[PDB]
Amino acid sequence: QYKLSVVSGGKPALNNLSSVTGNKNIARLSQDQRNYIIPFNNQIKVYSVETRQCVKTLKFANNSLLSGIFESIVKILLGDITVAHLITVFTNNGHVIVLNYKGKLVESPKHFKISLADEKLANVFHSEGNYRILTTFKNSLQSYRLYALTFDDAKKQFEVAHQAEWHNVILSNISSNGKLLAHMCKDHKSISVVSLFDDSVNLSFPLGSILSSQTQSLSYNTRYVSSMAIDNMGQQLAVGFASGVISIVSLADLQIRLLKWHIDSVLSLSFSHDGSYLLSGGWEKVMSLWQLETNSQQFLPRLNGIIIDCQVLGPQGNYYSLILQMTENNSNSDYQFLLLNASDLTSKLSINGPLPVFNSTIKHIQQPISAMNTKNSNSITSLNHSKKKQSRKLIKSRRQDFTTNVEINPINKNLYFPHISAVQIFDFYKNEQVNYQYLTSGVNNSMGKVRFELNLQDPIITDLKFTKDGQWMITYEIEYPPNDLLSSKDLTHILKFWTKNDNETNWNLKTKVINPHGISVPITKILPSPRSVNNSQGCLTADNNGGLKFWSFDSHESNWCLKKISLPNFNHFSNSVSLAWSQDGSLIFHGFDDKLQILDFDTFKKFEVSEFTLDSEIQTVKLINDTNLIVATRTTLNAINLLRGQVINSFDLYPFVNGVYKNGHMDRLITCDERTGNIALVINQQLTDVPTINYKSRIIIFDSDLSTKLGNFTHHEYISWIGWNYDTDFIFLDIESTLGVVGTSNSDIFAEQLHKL
Amino acid sequence: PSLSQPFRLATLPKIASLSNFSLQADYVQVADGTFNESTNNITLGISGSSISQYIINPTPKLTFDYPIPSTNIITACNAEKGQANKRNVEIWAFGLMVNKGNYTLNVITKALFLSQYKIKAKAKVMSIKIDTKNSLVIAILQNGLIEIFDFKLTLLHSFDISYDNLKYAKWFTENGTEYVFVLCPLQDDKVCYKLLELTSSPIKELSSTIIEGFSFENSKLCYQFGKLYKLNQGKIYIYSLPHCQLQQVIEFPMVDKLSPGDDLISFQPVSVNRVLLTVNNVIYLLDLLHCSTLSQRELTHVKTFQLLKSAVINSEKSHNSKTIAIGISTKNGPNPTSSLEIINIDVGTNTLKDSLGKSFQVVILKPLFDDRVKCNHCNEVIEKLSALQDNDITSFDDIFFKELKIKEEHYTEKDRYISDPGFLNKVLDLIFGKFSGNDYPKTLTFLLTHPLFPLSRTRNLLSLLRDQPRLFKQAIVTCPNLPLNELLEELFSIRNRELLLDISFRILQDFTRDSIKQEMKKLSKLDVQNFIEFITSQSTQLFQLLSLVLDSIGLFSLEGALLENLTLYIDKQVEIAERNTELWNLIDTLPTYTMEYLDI
Amino acid sequence: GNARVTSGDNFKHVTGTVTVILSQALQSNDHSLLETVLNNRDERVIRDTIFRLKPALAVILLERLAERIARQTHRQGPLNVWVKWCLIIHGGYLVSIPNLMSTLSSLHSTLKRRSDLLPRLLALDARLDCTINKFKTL
Amino acid sequence: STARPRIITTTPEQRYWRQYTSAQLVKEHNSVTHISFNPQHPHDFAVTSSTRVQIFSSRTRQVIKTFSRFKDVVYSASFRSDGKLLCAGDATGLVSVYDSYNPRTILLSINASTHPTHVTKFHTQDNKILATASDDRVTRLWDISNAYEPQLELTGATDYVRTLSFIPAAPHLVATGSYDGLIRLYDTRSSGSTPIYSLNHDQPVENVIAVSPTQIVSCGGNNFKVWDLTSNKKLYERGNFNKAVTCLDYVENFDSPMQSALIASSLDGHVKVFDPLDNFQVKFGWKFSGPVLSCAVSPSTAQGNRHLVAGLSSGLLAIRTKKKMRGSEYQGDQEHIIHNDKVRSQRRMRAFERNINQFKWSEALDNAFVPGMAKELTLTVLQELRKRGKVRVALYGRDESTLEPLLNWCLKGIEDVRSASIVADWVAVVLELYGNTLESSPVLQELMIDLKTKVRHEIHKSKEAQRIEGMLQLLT
RNA sequence: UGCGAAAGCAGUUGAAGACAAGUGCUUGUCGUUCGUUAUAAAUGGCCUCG
């Protein structure tokens, strides 16, 4: 009956090598400069630059060769090496595959395999028919080898020959022309620049010569280099420093020139083709174009995220390619690729995948390096300790929630991600983002945080829901006071109601309630009202104190109003609360701690059994249909018939759900259809002979009353979340940012010749 | 929802045809026109006696009567008010069959007799509809003929459904247009269903279907809002118009036990998805959508009660939840007497509130997955414990803890499989029966800590455990859903300081300020003084409780002499508390000429 | 934009006496006449005027005091004594009222906000007294 | 790239009447009895004062015509619907008709009665007929053609009749209210002279007005009541007024957020607007020096600035008014492709906003504490600096000379509830940052002592606040 | 760092290797490792199109 199928895409793919800097971007612009090619973690997207739309998409699953092969793409080369709309993809393991775009994907591409002996392919490059490949072999520093690659037509094989070798490579970068390589080694350290296809350039010198004596006197941050850039001609080399100082060095005589505007560690440096211009970007969320001739600078401020990489892409420097990080989301690294114009500094193409916020960090994501160790960044020393601590947390600890809230829009079926202090509106039918809107106050895009400012925490959008009609948005936000202040412990709770007419794309704030339910009391749960009550313009808000508050939109006041209240001043606190409303809207089920309560809506108090006691705290209360109520407690789940007041089925969840999830995540994991049945999700940890990072999930389709399992399917990764689309199908989000769905003649020759002409 | 006591409308005459109680409802006809939600009048045809119109409120009274010969049987009767050529009038149309030799269709016009007319009908009249707008009387016959006459009984039209032996015909209006559907038996339990629209021919056939497996001889039928309800062998079959397809089947277990032949069953509709079912002298108000028994009433003073007709509420459009129904009740005794009785019915709000916990339909943990990953016999125990001798604590605990593999004297997250309430409640009984006085087993301590401690045994639990302070302390801390009334009484009765503190915290945690106050008003005026005097002699919870105490007693009842101590006492802590707050924060908190002494 | 702010405590939709002037001002909603009456700062006058004020008009005075305090918090104290005596004199009458929270919601909210200042001011004064005790001895 | 976010800093019905800001107080020589508005543009309004009637230009708000022929005191200045004719009564009982804007010529003179004629109103439906009321207690209905005999002489009033009204859409009905407390309704094509029915007001009737075809509002004594003719009973009644209500007028379909408004004079110096759509509930009011005898508003189709007029027994007239390169202009009407990309410049930012955008933390704090600066705006800049995480930074480079301005406001802002928490935030930092500088500076120490006296006082108020919260729990 | 409510209740912050500086000894560091649940500070601030 049911079947699972991946629908959307995932993150853009990056050359995630620590040593490589200035070459993270792997997306390439076509020779004709009419479309941009970007490899994702699971697909390859070709976007026509003129129209700014995904003209073509290549899914690895569709082709058997890519399905088996996909390992990540290390580079793309326009055209075919072996031999007008072909491309050659090189992956880390060494698979060289020639595929086609602007057309139909052939099920038999020219798959090849380069021979590498314990070498991980890192980069490849070419100037004119000559191909060199950089490879990695293993003091926590990787060593690199430069080989020559040629294709022999007799054997149809890629032969590899040795050219050069460097050891303990710390940082590396390649020129824009792809003909010079600059790198740093510990043999404190030394910089060496070498020509790749020729012996013309071969220079080396200790780093200390470039470093100023004052830099020696000051902290390590001043001596800590964060970025490298090399001019095409090889005369100029730009060094970045964590302190934010740029040093341009003339290779001819090792003469230094200081350019100092960045207040925080500079992340991206790139020279222009001519060399008179320098693009610089860092934590400031601002690009600086440095006029080297007069040491002047032009600014492109207020980016979406901090700049990881910069590059000039064009025969005359027509386009700039940018990588943005969105450092606010500490849990996950959100990369966005931006293609700007030198002419007017406008976005000709912005691309980025879904941007969920998980409760905790996942896999091996590490915060970018900064001048200091902060919440959104890591210091120089903090990197290794943080990496080890992250690994040991994923290994030994038991709390592995990684659960993200997501919302579905009934009217449009768009997906809403409550990103930090913002909402990302994304279309999974088109697999393209449609909007990014800030729902809160706070320092979000006014300015770029640097140094201690980075410790500031922006407002957190914890809950985001739609009404049944879909014309209204309810959002709940938490304001964190700044630290080191008397009022450093009074978190503020804010509720907002928004409305949007269907044609527009921007939601408008209609009402704001400050400190709902009182002061310092979180809104643990929110539930939109059913269509029966106030034709889908009412809602319920529930606390950890058992207080229930029913708001409604009244036409005469023209806004939302507080209609009903029930404030039982319980003396105990618990974040485990759940709320459900009948389809008719007559009765309300409120589960607080270990105790479920039935309330008459009209009087908004106990019905006149109203109390059901549970073994443990209740995480989820939902009614699959008007007759049956499924209640999940921290240890198990039980199906109860309100009509009989008796349990039909009981399933034991403790072996899988003990301390792995914080209370309230079962709400967003468990989903229910209003016609056919519900679904239960369980992720679990895999191992062979101590814990390993990889995760495996199982989805079970259950009928109303849980008598039978309609289906049992398995996914090979941690499914972060599921929701029930208003259609019969259910949509599930996977920690690789993957959204899948589980659901049920002379004239003819004359014409040809004229068309060619 | 509720059912009112039946009140008599009239006493049925002692006629031979009416003597057969089982068929008595067949010999009494209720006019559709005069009997609805808003009408206070009922027109009833009693076969062999008369057609009589009664007013119901304020008191039942006979308003009109038209006599009929005792040898005649009323097969169809209708009455409707309208305007006739214009004078306001009441038109009464009735059919009388005499010995099957002749059938008489009779129409009477009365001024609100203006006229009376009588014709010979070809077959027995099943249903009659009066259209006052067009001044038409439409009569359906058992042979399948639908004849449209004027008020003068002049035949204007005749339509043939092509099927004889018609058994049921019901009229209904949808979107301002009149409709009628008919049922005609066929052989082999096959049935022809036809739907006809009333507009060359004023009658248009919209649907014609043959429904299989539809028996009549033991089937009770009624229709409501496009749904046809069939009661047979204790199962209610619900069919949807205009093609009469079986949508759902509802099994009603309270009828399957009825022996076939002796029990008298009547079945009529009362509201949307709500029907009236009578089983001899018991009447049931049922909700078919939710399958719940909204109300039940037993008429101890009559042998049987048969529903005749019921005024049906369209609750979807009507705010009114009260209606009436008319039926025949037969008295107990050697000379049974039958009377016409009216029952007032409160259908309700048609919400899931009315149906919760009232179902008329009468566990064990199971693995999630049937079959390289982390892991983050109740009766047998019962009989073993029951087999023990009285006052054997060690054996009782040993069997319970060892058999259940319980490791701790208190409930833990690992003890879930024991959570089955049936097993626990039996163990509670064994502990009570086996052990009395001052010694109870350690098993009670474990059960006390259990979240699912039975509510039935919560009452008096503090009284049972008063003799052992340790058990009493445990009951305060973790025993679930302890009645507030007992704790309030124990709060003002116990003199131990520690127990007083523990009780108060439990009250504030588990009960609202409002819930505490009302019961706390009941407490005697002297007892509160003792508690207050205790205070004058973690504490903020007690002070909050005292704040409640001052709340319930009221400004009148406070006696000025005692308050003198309280303000001086209460002020004694405000100065202390203010002092403590001040301490709390603190712990959180060149010259032109100089003389200096050089060291050399 | 034009969205309005609101607080969760807004439970709205859930001789020498001047008594005659006060009663007329309250009945006629004459703010200027009510203002001059409120200007008196002599406590004995406040008690006597409220003493002779009819219980029915005493209720609406509470709302008038609530709104005026809300608009100008600096008048909270001087108008606090007024509401103090209204509850004192007409406490029994207020008890025999079907509903109080809805009609006195503004007083609830206005009164609550003042209390929330108390915890922080004590912290402010405690840090502040420490410094003052520092230089005074030095 | 995105534009920099901008720093973020009653009823809609109430805001409407506040726009009548300009108030001109003119002095007349006697009590102004009646005020009328001309039904057409320029909608100049007429005032009855002493022995003359004065017409005031709407725009100029000054007298343009004066009618002084009347020997005795004047009692009416009502226009006919067309506005060409103006009728007025006198104590002698003579009723005179003047062509509007032509005071010299008498168009028609009738002696209604020997007794005073207090009301003279043209019939709104019919031009020819004119209605007059006299102390004779007979409300004669005169006609322009017939100046020697009334067409109808309505009677039945046992006291002075000083209120005549015509029901809109119902020329049937002539409504009269006498000081008997009875409002009498008359039908004209009938024989007349006997009311259709009488409505009891229980108090002398001062003015009767027809709000709608079926709704008649009678303002008499200390309250005004609205009666529905179909039901023949008072639908609503309001008695908020203290003095006896005297005059009342109604305006509909005017550009306010409300569809209609109802203004009623009180004789207490109060004129209040009422909402017919909301059961005639209070929505706005004004106060004047003395009792109000007449009130009026500009008609719905004023076609310009609206006018609110109040008449006082002192003769004071209060008028409140709500005011209402040859190719450079081609605009490319005929061109194929039109492109517009010009972007309006952002609204002018204040000095403090510029500093924050420029990271001038210390100066922004300085801009906060400047003379004639709004208190609320001062909170925003302080809140923003706290929100930005720059509090110690802005307070670092400061001495006593530049520290006092912050403390001064803190001395006053500590009192305010909204700023109390913020004041505690900043005052805490300056102390932990300038404890030593406090030691060597006397002047601040005095600023420090007075801060104790005020913050201590607030503790008493906040303490007292917690006490009263106890009562409000007990009373409920 | 664990748990919990937000308040808080409990518990941690070790060892080795290498380098620099001062005088084999002392101190400080680590794009070095093993194990535990485990101030900052190179004068350096955000564009233009009314």
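Chains as they are written, first to last, in the entry's author numbering: chain LH, 9 to 78, 86 to 98, 104 to 158, 166 to 214, 222 to 642, 650 to 730, 734 to 788, 817 to 829; chain LI, 2 to 86, 110 to 136, 163 to 249, 256 to 418, 425 to 433, 440 to 444, 456 to 616, 630 to 681, 703 to 713; chain LL, 359 to 372, 434 to 557; chain LJ, 2 to 10, 20 to 334, 361 to 512. Ideal placement from N, C-alpha and C gives every residue a C-beta, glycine not left out.
Does residue i come within less than 8 Å of chain LI when only Cβ atoms are used?
i: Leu541 of chain LL; result: yes
i: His606 of chain LH; result: yes
i: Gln509 of chain LJ; result: yes
For a contact meaning CB atoms closer than 7 Å, what does residue i contact in chain LL?
i: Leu678 of chain LI; result: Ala545, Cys549
For chain LH, check one thing: does any of its Cβ atoms lie closer than 8 Å to the Cβ of residue i?
i: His371 of chain LL; result: yes
i: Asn368 of chain LL; result: yes
i: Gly425 of chain LJ; result: yes
Output, in chain order, the set of chain LH residues within a Cβ distance shorter than 7 Å of residue i.
i: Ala460 of chain LJ; result: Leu520
Check whether chain LL comes within 8 Å of residue i, counting only Cβ atoms and requiring the distance to be less than that.
i: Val567 of chain LH; result: no
i: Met409 of chain LJ; result: no
i: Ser457 of chain LJ; result: yes
i: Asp278 of chain LJ; result: yes
i: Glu651 of chain LI; result: no
Listing by chain order, which chain LL residues have their CB less than 9 Å from the CB of residue i?
i: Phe290 of chain LJ; result: Those do not exist, as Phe290 of chain LJ stays about 15 Å from chain LL at its closest Cβ, beyond 9 Å.
Return the Cβ separation of residue i and residue j in integer angstroms, given the expectation that the two are a contact with Cβ distance under 8 Å.
i: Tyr171 of chain LH; j: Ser199 of chain LH; result: 7 Å
i: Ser612 of chain LH; j: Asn669 of chain LH; result: Actually they do not touch by this definition, with Cβ atoms about 16 Å apart.
i: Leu372 of chain LH; j: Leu358 of chain LH; result: 6 Å
i: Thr64 of chain LI; j: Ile56 of chain LI; result: 5 Å
Helix, strand or coil, according to DSSP, for residue i in the structure here?
i: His398 of chain LH; result: coil
i: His509 of chain LL; result: helix
i: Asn121 of chain LJ; result: strand
i: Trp676 of chain LI; result: helix
In terms of alpha-carbon separation, which member of the options lies closest to residue i?
i: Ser442 of chain LL; options: LJ:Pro309, LJ:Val261, LJ:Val463, LJ:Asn252; result: LJ:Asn252
Check the Cβ-Cβ distances between residue i and every residue of chain LJ, and say whether any is below 8 Å.
i: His509 of chain LL; result: no
i: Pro516 of chain LH; result: yes
For residue i, go through chain LJ and note every residue whose CB falls closer than 8 Å to its CB, in chain order.
i: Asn364 of chain LH; result: Here the premise fails: no neighbours, minimum Cβ distance about 18 Å.
Just the chain LH side, please: which residues come within less than 8 Å of residue i by C-beta, in chain order?
i: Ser365 of chain LL; result: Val547, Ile548, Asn549
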